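**Student:** Handing you this structure, nothing more for now.
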Amino acid sequence: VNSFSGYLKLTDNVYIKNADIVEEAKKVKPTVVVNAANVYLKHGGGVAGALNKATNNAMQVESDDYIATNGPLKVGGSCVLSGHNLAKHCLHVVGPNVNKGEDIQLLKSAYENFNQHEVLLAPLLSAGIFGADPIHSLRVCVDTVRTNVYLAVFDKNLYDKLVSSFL
Ligand SMILES: O=C(N[C@H]1c2ccccc2C[C@H]1C(=O)O)c1ccc(NC(=O)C2CC2)cc1
C-alpha cells in the first residue's frame, strides 16, 4: 500500500491522474519524482521549470554543480539528484526533444531508467514542450516500465484523451 490517491489504474503497474506534478509531489513526498530534464539540466520551462521554481532554484544550483563535475547527460539517460522539498530524490530523465530533431526511438531508453526505482511519480516523457505525441509516450511507458509508476498529467483535456484512447 502507498499514499498515491485518485489514480486510474491502466495496467498492473501503471497509474494515471489529472494532476499538477508539483502539487502532487508536495503532498505525497514520494521517494522519487521524475523530472523532464534536458542534457544540460537547464530547468527553464515545462515540467522542469515548474519543479525547479517549487524548489526556489535549489534544483538548478545543485544541477549546475552536477554538470560542472560530470558534463552533460545523454539523450535517453538520467541522473539521481536531491528531491529537495518535493521528494527524497529527483530522477532527472532526458527524453528526446522532437523540437530539436532527436530520435524518438530514444524514448524507450529514457523510460528504461524508471526500472531502477520501485515506485515513481512521473510526467509523460517527451510530452509537452518536448514535442512528442503524449499518446505514444504513454504506450512506450506501459510497454517499457515494469516498476510502479504514477503518472501526473497537467492538462485535463489531454488526460481525458489519454484515458479514452488507451488500449
Ligand atoms: O509542462 C508541464 N507538463 C507537461 C510537460 C512539459 C514538459 C515535459 C513533459 C510534460 C508533461 C506535460 C503534462 O501536462 O503532463 C507542467 C506541469 C506542471 C506544472 N506545474 C506548475 O507550474 C506549478 C503551478 C506552479 C507546470 C508545467
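Residues in the C-alpha cells are named by chain (A, B, ... in the order shown) and by number from 1 within that chain; ligands are numbered from 1 in the order shown.
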With DSSP run on the backbone, what are the strand (DSSP E or B) residues within stretch 2-165 of chain A? I'd like them as a VMD selection string.
**Tutor:** chain A and resid 8 to 9 14 to 18 32 to 36 78 to 82 89 to 93 119 to 122 148 to 153
**Student:** I need the residues from that last selection saved to file as a PDB file, in the first residue's frame (with C-alpha atoms), if you can.
**Tutor:**
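Listing of result_20.pdb after writing:
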```
ATOM      1  CA  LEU A   8      -6.900   5.461 -12.512  1.00  0.00           C
ATOM      2  CA  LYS A   9      -5.210   2.085 -12.900  1.00  0.00           C
ATOM      3  CA  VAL A  14       0.953   1.989 -14.373  1.00  0.00           C
ATOM      4  CA  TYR A  15      -1.450   4.530 -12.852  1.00  0.00           C
ATOM      5  CA  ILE A  16      -2.542   7.948 -14.168  1.00  0.00           C
ATOM      6  CA  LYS A  17      -4.125  11.122 -12.769  1.00  0.00           C
ATOM      7  CA  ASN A  18      -5.003  14.620 -13.913  1.00  0.00           C
ATOM      8  CA  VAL A  32      11.295   9.518  -6.413  1.00  0.00           C
ATOM      9  CA  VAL A  33       9.891  12.327  -8.550  1.00  0.00           C
ATOM     10  CA  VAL A  34      10.916  12.271 -12.214  1.00  0.00           C
ATOM     11  CA  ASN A  35      11.965  15.481 -13.935  1.00  0.00           C
ATOM     12  CA  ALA A  36      11.573  16.017 -17.684  1.00  0.00           C
ATOM     13  CA  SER A  78      19.363  10.060 -16.363  1.00  0.00           C
ATOM     14  CA  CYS A  79      20.907  11.023 -13.064  1.00  0.00           C
ATOM     15  CA  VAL A  80      19.676  10.885  -9.470  1.00  0.00           C
ATOM     16  CA  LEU A  81      19.877  14.144  -7.516  1.00  0.00           C
ATOM     17  CA  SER A  82      18.125  15.525  -4.455  1.00  0.00           C
ATOM     18  CA  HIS A  89      15.183  12.012  -4.790  1.00  0.00           C
ATOM     19  CA  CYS A  90      14.689  13.534  -8.215  1.00  0.00           C
ATOM     20  CA  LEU A  91      15.390  11.260 -11.176  1.00  0.00           C
ATOM     21  CA  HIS A  92      16.304  13.656 -13.993  1.00  0.00           C
ATOM     22  CA  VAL A  93      15.453  11.779 -17.214  1.00  0.00           C
ATOM     23  CA  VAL A 119       7.961   3.410  -7.234  1.00  0.00           C
ATOM     24  CA  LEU A 120       7.980   6.787  -9.032  1.00  0.00           C
ATOM     25  CA  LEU A 121       5.853   9.878  -9.573  1.00  0.00           C
ATOM     26  CA  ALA A 122       6.448  10.972 -13.145  1.00  0.00           C
ATOM     27  CA  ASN A 148       5.215   1.075 -10.226  1.00  0.00           C
ATOM     28  CA  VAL A 149       4.716   4.422 -11.950  1.00  0.00           C
ATOM     29  CA  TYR A 150       2.201   7.127 -11.034  1.00  0.00           C
ATOM     30  CA  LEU A 151       1.789   9.471 -13.997  1.00  0.00           C
ATOM     31  CA  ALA A 152       0.676  13.057 -13.448  1.00  0.00           C
ATOM     32  CA  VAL A 153      -0.895  14.768 -16.471  1.00  0.00           C
TER      33      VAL A 153
END
```
**Student:** Please, which residues of stretch 21-122 of chain A, numbered as in this document, come out alpha helix (DSSP H) from DSSP, as a count of residues only?
**Tutor:** 37
**Student:** For the contact check between chain A and ligand 1, emit one row per residue of chain A within 8 Å, containing the shortest atom pair and the distance in Å rounded to one decimal, counting only C-alpha atoms and all ligand atoms, chain then rising number order, as a tab-separated table.
**Tutor:**
```
residue	atom	partner	partner_atom_place_in_ligand_line	distance
A:19	CA	ligand 1	15 (O)	7.9
A:20	CA	ligand 1	18 (C)	4.7
A:21	CA	ligand 1	18 (C)	5.3
A:22	CA	ligand 1	20 (N)	5.3
A:23	CA	ligand 1	23 (C)	7.0
A:36	CA	ligand 1	8 (C)	5.1
A:37	CA	ligand 1	8 (C)	7.9
A:45	CA	ligand 1	1 (O)	7.1
A:46	CA	ligand 1	1 (O)	3.5
A:47	CA	ligand 1	16 (C)	4.1
A:48	CA	ligand 1	7 (C)	6.8
A:49	CA	ligand 1	26 (C)	7.2
A:50	CA	ligand 1	22 (O)	4.4
A:51	CA	ligand 1	20 (N)	6.9
A:53	CA	ligand 1	25 (C)	7.7
A:54	CA	ligand 1	25 (C)	7.2
A:123	CA	ligand 1	11 (C)	5.0
A:124	CA	ligand 1	11 (C)	5.0
A:125	CA	ligand 1	9 (C)	5.5
A:126	CA	ligand 1	9 (C)	5.6
A:127	CA	ligand 1	9 (C)	4.3
A:128	CA	ligand 1	5 (C)	3.8
A:129	CA	ligand 1	7 (C)	4.9
A:130	CA	ligand 1	8 (C)	5.7
A:134	CA	ligand 1	11 (C)	7.9
A:151	CA	ligand 1	15 (O)	7.9
A:152	CA	ligand 1	15 (O)	5.7
A:153	CA	ligand 1	15 (O)	3.5
A:154	CA	ligand 1	14 (O)	3.5
A:155	CA	ligand 1	14 (O)	4.9
A:158	CA	ligand 1	14 (O)	7.6
```
**Student:** Atom CA of residue A:59 and atom CA of residue A:88 are how many Å apart?
**Tutor:**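 Rounded to one decimal, the two atoms are 12.6 Å apart.
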**Student:** Considering only C-alpha atoms, state which residue in the set A:167, A:162, A:132, A:141 is at the smallest distance from residue A:13.
**Tutor:**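 Checking each of A:167, A:162, A:132, A:141 against residue A:13, counting only C-alpha atoms, the winner is A:141.
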**Student:** With a cut-off of 10 Å, could you pull out the residues of stretch 10-92 of chain A touching stretch 98-110 of chain A and give me the nearest pair of atoms for each, distance in Å to one decimal, using only C-alpha atoms, ordered by chain and ascending number, as CSV?
**Tutor:**
```
residue,atom,partner,partner_atom,distance
A:74,CA,A:110,CA,9.6
A:75,CA,A:106,CA,7.1
A:76,CA,A:110,CA,4.0
A:77,CA,A:110,CA,5.9
A:78,CA,A:110,CA,7.6
```
**Student:** Might you pull out every residue within 9 Å of stretch 64-66 of chain A, with only C-alpha atoms counted and same-chain residues fewer than 5 positions away left off, and present them as number ranges by chain?
**Tutor:** A: 40-42, 59, 71-72, 81
**Student:** Just write the chosen residues, C-alpha atoms, as an mmCIF file, in the first residue's frame.
**Tutor:**
```cif
data_model
loop_
_atom_site.group_PDB
_atom_site.id
_atom_site.type_symbol
_atom_site.label_atom_id
_atom_site.label_comp_id
_atom_site.auth_asym_id
_atom_site.auth_seq_id
_atom_site.Cartn_x
_atom_site.Cartn_y
_atom_site.Cartn_z
ATOM 1 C CA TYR A 40 22.347 20.379 -19.617
ATOM 2 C CA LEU A 41 19.944 20.180 -16.649
ATOM 3 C CA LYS A 42 18.784 23.707 -17.546
ATOM 4 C CA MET A 59 17.364 22.235 -8.015
ATOM 5 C CA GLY A 71 29.344 17.097 -18.114
ATOM 6 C CA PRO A 72 26.016 16.723 -19.905
ATOM 7 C CA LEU A 81 19.877 14.144 -7.516
#
```
